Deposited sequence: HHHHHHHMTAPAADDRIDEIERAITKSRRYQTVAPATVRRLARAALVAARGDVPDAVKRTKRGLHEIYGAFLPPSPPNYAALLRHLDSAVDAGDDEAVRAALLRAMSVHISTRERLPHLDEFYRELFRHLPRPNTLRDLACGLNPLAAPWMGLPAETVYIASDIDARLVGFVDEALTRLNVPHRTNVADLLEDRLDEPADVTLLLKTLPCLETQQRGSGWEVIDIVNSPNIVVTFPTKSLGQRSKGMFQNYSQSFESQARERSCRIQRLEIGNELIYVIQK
């Protein structure tokens, strides 16, 4: 009853109107217990929690996805590869995380796929605007891109972008802490995701790595003593499980390829 109330307020006329209901409800429940039953404060907690796991990386108000697509259409409808790339870089820049990787985008994916097999299916979890890269990924023509995140509009825009790029795909609104990860997929990307999962649920990071049905997994961490912190814990945790891993560092991103 009080959860629906919190949800209604979270239909945030601002930053959170389209966040996955599964996510709002999970955060709202814990917020209510933490708030001693007080809805207003529970609403505050939920919002602050949403900002930490999602809002912090996006604009104060919904991105102008219509303009971004417009520009993409112009490039594609003109058959100009340069314009398409430009329109994709501009779009990705709206999301803080993808923005951080753009300065080393080509190097990042060129190197990454040298340590991965040719994928039949690529899964991108907590994807953000990363799927807009890919023309940079040199994927086999038939590869199906499966992308998911916690906001319907963001994911919807990713779907439209992939459609314009003629990339076989399937997009969903999924919360890594609840939704299933049993679908088969050759490679799964978990770029700059673990730190956020840890903040929401201790130990969930490696739990996801453990259950995700993929023999190849990429886990990255942002480095901008951040490198120190992330590399030390992940590696000790990997060595504890005897996970075969290969480490790389491109741009401000620590990279681990898990087989």
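Enquirer: Just jot down which stretches of the deposited chain sequence have no CA coordinates, in the order they come.
Expert: Model skips 1-14, 239-245, 281 of the deposited chain.
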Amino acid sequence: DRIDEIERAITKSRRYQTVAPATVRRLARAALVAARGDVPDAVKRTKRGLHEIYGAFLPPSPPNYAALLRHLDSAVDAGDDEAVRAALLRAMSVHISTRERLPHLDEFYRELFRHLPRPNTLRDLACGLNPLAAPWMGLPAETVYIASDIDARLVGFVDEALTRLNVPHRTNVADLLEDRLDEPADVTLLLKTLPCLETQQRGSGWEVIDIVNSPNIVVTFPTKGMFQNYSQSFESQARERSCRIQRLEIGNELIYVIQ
From here on, numbers count along this sequence of modelled residues.
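Enquirer: For the higher mean C-alpha B factor in the entry, choose 68-76 or 108-116.
Expert: If you average the C-alpha B-factors of 68-76 and of 108-116, the larger mean comes out for 68-76.
Enquirer: Of the two stretches 80-88 and 131-139, which shows the higher Cα B-factor on average in the entry?
Expert: Of 131-139 and 80-88, the stretch with the higher C-alpha B-factor average is 80-88.
Enquirer: Comparing recorded Cα B-factors across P40, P215, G205, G55, which one is largest?
Expert: Highest C-alpha B-factor among the listed options: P40.
Enquirer: Is the Cα B-factor recorded for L197 in the lowest, middle or highest third of its chain?
Expert: For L197, the deposited C-alpha B-factor lands in the middle third.
Enquirer: Test of reading the entry: by CA B factor among the chain's modelled residues, which third contains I3?
Expert: According to the entry, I3 has a C-alpha B-factor in the chain's highest third.
Enquirer: Taking the values exactly as deposited, rank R244 by C-alpha B-factor within its chain and report the matching third: lowest, middle or highest.
Expert: Within its chain, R244 is a middle-third residue by C-alpha B-factor, going by the deposited values.
Enquirer: Compared with the other modelled residues in the chain, in which third is the CA B-factor of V24?
Expert: Within its chain, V24 is a middle-third residue by C-alpha B-factor, going by the deposited values.
Enquirer: By the recorded C-alpha temperature factor, relative to the other modelled residues in its chain, which third is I209 in?
Expert: Its C-alpha B-factor, which the entry lists for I209, ranks in the middle third among residues of this chain.
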